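Asker: My questions will all concern the structure given below.
Chains as they are written, first to last, in the deposited numbering: chain J, 100 to 148; chain O, 347 to 395.
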């Protein structure tokens, strides 16, 4: 918005401007281990307690 | 007479209905006074208060 002025100067023009922002991107990375034996026995079928 | 003329002085000022208004007030001596700041509108328009 703008105010009206009464002085000798030319009237103040109404102002609408364009504001452009940028979107940042963040990446997150976590490392985890699993030993080969931990992954192997999943395929085997256990019967004895 | 002042009482006879008071309707002539207030040319429809007492007729208009009244509405509550938001403003801070203080009691100084016996006078109640309204105190406020208008800087919001002038800050919104980038004009000097």
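For each residue, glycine too, the CB sits at the ideal point set by N, CA and C.
Could you spell out where the alpha helix (DSSP H) holding residue 386(O) opens and where it closes?
Answerer: 385–390
Asker: Any Cβ of chain O within less than 7 angstroms of the Cβ of residue 110(J)?
Answerer: no
Asker: Assuming residue 381(O) contacts residue 372(O) under a Cβ cut-off of 8 angstroms, what Cβ separation, rounded to an integer in Å, is found between them?
Answerer: 6 angstroms
Asker: Is it the case that the Cβ atoms of residue 102(J) and residue 393(O) are separated by a distance below 7 angstroms?
Answerer: yes
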